[PDB]
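S.K.: One structure, as structure tokens, below. Some questions next.
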Amino acid sequence: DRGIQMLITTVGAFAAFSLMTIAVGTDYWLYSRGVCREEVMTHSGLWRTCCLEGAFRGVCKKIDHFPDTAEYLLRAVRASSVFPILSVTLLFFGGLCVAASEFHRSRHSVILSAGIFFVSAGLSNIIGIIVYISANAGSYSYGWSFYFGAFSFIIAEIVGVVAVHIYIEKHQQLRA
Amino acid sequence: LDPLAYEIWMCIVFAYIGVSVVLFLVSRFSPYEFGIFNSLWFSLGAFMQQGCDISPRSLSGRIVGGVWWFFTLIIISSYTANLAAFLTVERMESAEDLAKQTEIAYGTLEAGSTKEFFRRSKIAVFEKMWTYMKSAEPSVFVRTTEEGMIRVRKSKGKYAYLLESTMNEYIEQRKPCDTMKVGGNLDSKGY
Amino acid sequence: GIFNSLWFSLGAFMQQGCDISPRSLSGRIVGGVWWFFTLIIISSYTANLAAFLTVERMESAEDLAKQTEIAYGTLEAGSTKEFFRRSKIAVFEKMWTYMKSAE
Amino acid sequence: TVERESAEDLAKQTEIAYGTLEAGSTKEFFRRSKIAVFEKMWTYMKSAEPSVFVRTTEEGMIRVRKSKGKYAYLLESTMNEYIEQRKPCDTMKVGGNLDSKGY
Amino acid sequence: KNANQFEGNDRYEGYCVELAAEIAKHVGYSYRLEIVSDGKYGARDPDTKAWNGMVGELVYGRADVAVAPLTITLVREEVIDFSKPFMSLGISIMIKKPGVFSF
Amino acid sequence: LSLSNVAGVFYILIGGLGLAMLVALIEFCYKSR
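Residue numbers (the entry's author numbering), protein chains in the order written: chain Y, 5 to 41, 55 to 84, 92 to 162, 172 to 209; chain B, 514 to 545, 566 to 625, 630 to 728; chain R, 568 to 625, 630 to 674; chain U, 621 to 624, 630 to 728; chain E, 406 to 502, 508 to 513; chain H, 783 to 815.
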């Protein structure tokens with residue numbers, strides 16, 4: 005099933021990169037009771066918050082992250105969203121390693137790096153989730178963008194597991 | 514599930530998947566059977582503190598098991614501690634009680650002897666009650682006793698109606714008798 | 568077998584470990600939910616006992636006075652009733668206002 | 621669980642310092658009081674260090690706002706209500722009124 | 406706000422400003438709003454027996470009326486005259502209404 | 783209990799997973815030479 009195993013990896017690699025990169029770009033992470041400029058239902062993403070109903074519907078503003093090292097470092101990380109963006113770059117490199125694996129069969133270690141890239145990408149996304157939730161607290174519900182990011186974590190880990198499985202199968206048949 | 518917030522439960526599953534994959538990854542391409570399926574079983578057993586038939590043997594594998602054990606120990610103790618706090622606070630009233638709090642709104646009948654009693658009162662508790670009642674919005678007052686009875690019944694225990702003891706006793710006996718007179722009488726008078 | 572399944576399940580509920588563990592996907596699902604059932608029930612047993620043993624460990632009822640269903644009365648037409656009626660002390664005035672109106 | 630209203634709450638604790646305005650009716654009310662709670666409060670306020678008293682209502686308002694909830698200001702209900710309404714309105718009136726009077 | 410643009414008795418605003426205007430209209434008199442110099446409401450130092458603030462200004466003759474939030478007190482009623490209260494109030498308490511690794 | 787209360791134990795767990803992955807790469811290169 006080597007053909008379908010690589011097909012699962014390349015399809016999953018694109019979906020993991022696609023699902024997470026939409027979460028960063030869109031502005032529907034949290035549905036909170038906020039204000040855009055009176056208080057109005059608003060939908061806030063990682064960078065901009067916009068009203069959901071009323072006269073000022075569609076008027077978005079940049080999220081102001083800043084209003092003592094313990095809490096300064098927490099909001100500094102959340103301000104630039106280092107972890108959610110970092111996992112996007114790791115997912116991007118992992119996809120390149122998977123695609124380049126088929127374009128160069130000389131070294132089998134390239135697909136191993138794709139598994140490590142995707143496994144590391146998932147870990148960076150959990151930190152982005154924990155940092156975002158923790159900084160948000162300092172009535173609400175999470176929108177599709179937040180669930181888009183969480184679904185990108187499951188896909189990235191499963192592709193990472195399968196990518197290592199291909200490398201293990203490739204090396205085991207050579208040695209045995 | 515209340516002892517832990519819904520976000521904590523989501524991240525526990527996310528951490529569970531991450532630990533299982535990382536333990537499987539560092540156990541396979543290492544010198545010296567932790568497959569993907571076996572890693573999920575061992576990680577599940579560690580979180581429930583039930584133990585398994587295998588333990589990691591490499592230093593890289595043992596670090597993953599070591600931290601995952603620490604995460605499990607803090608979380609399980611947090612669930613037991615918060616549940617105990619949640620149960621013990623639940624285990625742990631009258632006019633003054635009604636005046637001190639603000640979660641329950643209390644009103645009277647409009648153009649009635651009770652409203653006049655509260656308006657012209659000089660007792661600290663009743664003066665405080667009147668100062669609250671005059672400003673309350675929406676109006677805590679009603680146009681009829683039936684209106685006050687329906688308001689207490691449909692406010693789901695968020696509305697306390699101040700009425701005469703005779704009507705109160707009569708109502709508390711009427712079906713569905715989902716109302717209750719609380720405390721004594723604020724004063725004494727007659728028709 | 569049937570006997571080892573009873574021994575494994577009892578061990579899992581007592582959090583005392585086991586000599587063997589399931590190796591199939593079907594067996595591990597049964598072990599998984601039974602493990603989760605054990606964790607919630609025992610945590611519930613420990614958390615509720617605490618409360619009982621806490622809520623309990625935790630002129631008083633005559634400080635504010637009774638404060639509580641601990642209704643307190645006097646003899647009718649006695650010096651004590653008259654003492655409470657004509658009192659001007661905060662506690663005693665509170666007690667009298669309660670005693671005269673209580674039914 | 622220990623991490624789960631009245632005049633006594635202030636008199637009874639000593640972690641929060643509570644003061645009044647200097648040369649004001651409130652200070653004079655507390656000085657010449659004969660009520661047990663108010664006499665206890667006055668004895669504490671007269672011998673408190675640093676001086677709990679303030680020179681102006683604005684001074685007490687900023688003291689409560691910049692004492693991070695370690696200062697309880699005793700002032701007239703009208704000023705208290707007005708302050709609790711105006712922004713940043715991070716102050717709140719607690720309990721009822723200690724007495725009744727007028728301007 | 407921006408009082409420099411305004412001059413004379415109309416330099417100020419506030420409840421007691423309009424109340425002084427309405428009282429002046431009803432009584433039929435002209436008046437100059439002088440702020441008390443001490444910045445104190447009023448009290449007599451028990452040692453010197455001297456009244457300071459608005460009550461001192463009224464007793465010594467330097468002022469003819471006080472339209473400030475001046476509380477009606479027994480000690481002041483013995484040295485100055487008060488009208489019926491124009492506002493009710495009481496002494497009140499105000500209050501100035508989880509780190510990482512905390513486990 | 784909110785996530786802000788036990789956010790610290792999550793950082794240590796992710797930090798440990800990152801360190802464990804780094805150790806394996808160190809061990810792999812040492813054992814592959």
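C-beta: ideal position from N, C-alpha, C; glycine also.
(1) If we define contact as Cβ-Cβ less than 8 Å, is E/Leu-438 a contact residue for chain U?
(2) If we define contact as Cβ-Cβ less than 8 Å, is E/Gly-509 a contact residue for chain Y?
(3) Using a beta-carbon distance below 8 Å, is Y/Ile-157 in contact with chain B?
(4) What is the rounded straight-line gap between the Cα of E/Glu-439 and the Cα of E/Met-492?
(5) Quick one: measure Cβ to Cβ for Y/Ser-178 and Y/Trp-33, integer angstroms, because I've assumed they're closer than 8 Å.
(6) So, with DSSP's three-state summary, where would you put U/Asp-634?
(7) Can you give, in chain order, each stretch of the alpha helix (DSSP H) that sits fully within the segment 656-701 of chain U and has at least 4 residues?
(8) Let's test the definition: count the other Cβ atoms within 10 Å of the Cβ of Y/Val-197 and tell me whether it reaches 16, buried, or not, exposed.
(9) For the beta strand (DSSP E) containing E/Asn-457, name the first residue and the last one.
(10) What residues in the segment 660-673 of chain R bring their beta carbon closer than 8 Å to a beta carbon of chain B?
(11) At least one CB of chain R closer than 8 Å to the CB of B/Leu-620: is that the case?
(12) My understanding is that Y/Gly-152 touches Y/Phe-107, with C-beta atoms under 8 Å, so please give their C-beta distance in whole angstroms.
(13) Along chain U, which residues have their Cβ under 9 Å away from the Cβ of B/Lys-637?
(14) Taking just the CA atoms, how far does U/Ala-673 sit from U/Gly-649?
(15) By the three-class DSSP mapping on this structure, what secondary structure does U/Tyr-728 have?
(16) With a threshold of 8 Å between beta carbons, is R/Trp-602 in contact with chain B?
(17) What does a CB cutoff of less than 6 Å around Y/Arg-102 pick up in its chain, not counting 5 residues either side in sequence?
(18) Kindly list the residues whose CB is nearer than 7 Å to the CB of B/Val-532, restricted to its own chain and excluding five residues on each side of it in sequence; keep chain order.
(19) Give the range of the beta strand (DSSP E) segment to which Y/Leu-34 is assigned.
(20) Does R/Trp-667 pass the burial test, meaning 16 or more other C-beta atoms within 10 Å, or should it be called exposed?
(21) Please classify Y/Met-58: does DSSP put it in a helix, a strand, or coil?
(22) To the nearest angstrom, report how far apart E/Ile-498 and U/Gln-638 are at their CA atoms.
(23) U/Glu-664 to R/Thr-621, Cα distance in whole Å?
(24) Measuring only between beta-carbons, confirm whether B/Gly-531 sits less than 8 Å from chain Y.
(25) Report yes if the C-beta distance between U/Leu-699 and U/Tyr-643 is below 8 Å; otherwise report no.
(26) Is there a Cβ of chain R sitting closer than 8 Å to that of residue 549 of chain B, yes or no?
(27) Is it the case that the Cβ atoms of R/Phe-580 and B/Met-581 are separated by a distance below 8 Å?
(28) Could you list which residues in chain E have their beta carbon closer than 7 Å to that of Y/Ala-94, in chain order?
(29) Could you check whether the segment 707-716 of chain U touches the segment 432-449 of chain E, counting it as contact only if at least three pairs of C-beta atoms, one from each stretch, sit closer than 8 Å?
(30) Return the residues of the segment 570-587 of chain B that lie within a Cβ-Cβ distance of less than 9 Å from chain Y, sorted by chain order.
(31) Check whether chain Y comes within 8 Å of H/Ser-786, counting only Cβ atoms and requiring the distance to be less than that.
(32) Grab me the residues of Y/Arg-37's own chain with a C-beta within less than 7 Å of its C-beta, minus the 5 sequence neighbours each way, in chain order.
(33) Chain Y partners of B/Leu-538, CB-CB under 9 Å?
(34) With distance defined between alpha-carbon atoms, name the residue in B/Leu-538, B/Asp-586, B/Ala-518 nearest to Y/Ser-137.
(35) Does chain B have any CB closer than 8 Å to the CB of Y/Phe-186?
(36) The beta strand (DSSP E) spanning Y/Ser-158 covers which residue range?
M.R.: So, to answer that:
(1) On the fifth sequence, position 33 is the one that residue 438 of chain E refers to. For E/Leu-438, the answer is no, since every Cβ of chain U falls outside 8 Å of its Cβ.
(2) Here residue 509 of chain E corresponds to residue number 99 of the fifth sequence, with the count starting at 1. Yes - at least one Cβ of chain Y is within 8 Å of the one on E/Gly-509.
(3) Working through the first sequence from its first residue, we reach residue 157 of chain Y at position 133. Closer than 8 Å to some Cβ of chain B, the Cβ of Y/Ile-157 qualifies, so yes.
(4) Locating residue 439 of chain E in the fifth sequence gives position 34, where the first residue counts as 1. Locating residue 492 of chain E in the fifth sequence gives position 87, where the first residue counts as 1. Spanning the two alpha carbons is a distance of roughly 22 Å.
(5) The residue given as residue 178 of chain Y occupies position 145 in the first sequence. The residue given as residue 33 of chain Y occupies position 29 in the first sequence. 5 Å between Cβ atoms; contact.
(6) Sequence index remark: in the fourth sequence, residue 634 of chain U carries index 9 (1-based). Looking at U/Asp-634 - three-state DSSP - the assignment turns out to be helix.
(7) 661-671, 682-691
(8) In the first sequence, residue 197 of chain Y corresponds to position 164, counting from 1. Burial call: buried.
(9) Mapped onto the fifth sequence, residue 457 of chain E falls at position 52. Where E/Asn-457 is concerned, the enclosing beta strand (DSSP E) stretches over 455-457.
(10) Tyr-669, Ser-672, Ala-673
(11) Here residue 620 of chain B is taken as the residue at index 87 of the second sequence, counted from 1. Chain R, which has a Cβ nearer than 8 Å to the Cβ of B/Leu-620, makes this yes.
(12) To locate residue 152 of chain Y, count along the first sequence from 1; it is residue 128. To locate residue 107 of chain Y, count along the first sequence from 1; it is residue 83. Indeed, because the Cβ distance is near 4 Å, the residues count as touching under 8 Å.
(13) For the purposes of this step, residue 637 of chain B is identified with residue 100 of the second sequence, where counting begins at 1. Simply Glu-630, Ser-631, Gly-720, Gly-721.
(14) In the fourth sequence, the residue the question calls residue 649 of chain U occupies position 24. In the fourth sequence, the residue the question calls residue 673 of chain U occupies position 48. Going by the C-alpha atoms only, they are around 18 Å apart.
(15) Position 103 of the fourth sequence holds residue 728 of chain U. U/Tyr-728: coil per DSSP, three-state reduction.
(16) Here residue 602 of chain R is taken as the residue at index 35 of the third sequence, counted from 1. Yes, contact with chain B.
(17) Taking the first sequence and counting its residues from 1, one reaches residue 102 of chain Y at position 78. Answer for Y/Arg-102: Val-155, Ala-159, listed in chain order.
(18) To locate residue 532 of chain B, count along the second sequence from 1; it is residue 19. Cβ neighbours of B/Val-532 beyond the five flanking positions: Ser-576, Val-597, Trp-601.
(19) Numbered from 1 along the first sequence, position 30 holds the residue referred to as residue 34 of chain Y. That run of the beta strand (DSSP E) goes 34-38.
(20) Within the third sequence, numbered from 1, the residue matching residue 667 of chain R stands at position 96. When all chains shown are included, R/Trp-667 counts as buried.
(21) Your numbering for residue 58 of chain Y matches position 41 in the first sequence. It is a strand residue.
(22) Start at 1 with the first residue of the fifth sequence, and residue 498 of chain E comes out as number 93. Start at 1 with the first residue of the fourth sequence, and residue 638 of chain U comes out as number 13. One C-alpha to the other measures close to 14 Å.
(23) Here the question's residue 664 of chain U lines up with position 39 in the fourth sequence. Here the question's residue 621 of chain R lines up with position 54 in the third sequence. Taking the straight line from one Cα to the other gives about 36 Å.
(24) Start at 1 with the first residue of the second sequence, and residue 531 of chain B comes out as number 18. It does; some Cβ of chain Y falls within 8 Å.
(25) The sequence position of residue 699 of chain U within the fourth sequence is 74, counting from 1. The sequence position of residue 643 of chain U within the fourth sequence is 18, counting from 1. Yes. Within cutoff.
(26) Since chain B is numbered 545 and then 566, with no step between, residue 549 of chain B has no place in the structure shown.
(27) Here residue 580 of chain R refers to the residue found at position 13 when the third sequence is read from its first residue. Here residue 581 of chain B refers to the residue found at position 48 when the second sequence is read from its first residue. No; because the gap between Cβ atoms is not below 8 Å, this pair is not in contact.
(28) The residue given as residue 94 of chain Y occupies position 70 in the first sequence. Result: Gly-509, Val-510.
(29) no
(30) none
(31) Translated into positions along the sixth sequence, residue 786 of chain H becomes position 4. For H/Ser-786, the answer is yes, since a Cβ of chain Y falls inside 8 Å of its Cβ.
(32) Residue numbering aside, residue 37 of chain Y sits at position 33 when the first sequence is read from its first letter. Closer than 7 Å at Cβ, skipping near neighbours: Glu-56, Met-58, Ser-172.
(33) For this step, residue 538 of chain B is matched to residue 25 along the second sequence. Going along chain Y in sequence order, the residues near B/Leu-538 (Cβ under 9 Å) are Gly-139, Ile-140, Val-143, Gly-193, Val-194, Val-197.
(34) On the first sequence, position 113 is the one that residue 137 of chain Y refers to. Comparing Cα positions, the closest option is B/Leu-538.
(35) The count along the first sequence starts at 1 and reaches residue 186 of chain Y at position 153. Closer than 8 Å to some Cβ of chain B, the Cβ of Y/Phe-186 qualifies, so yes.
(36) Your numbering for residue 158 of chain Y matches position 134 in the first sequence. No beta strand (DSSP E) contains Y/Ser-158, which is instead part of the alpha helix (DSSP H) from 133-161.
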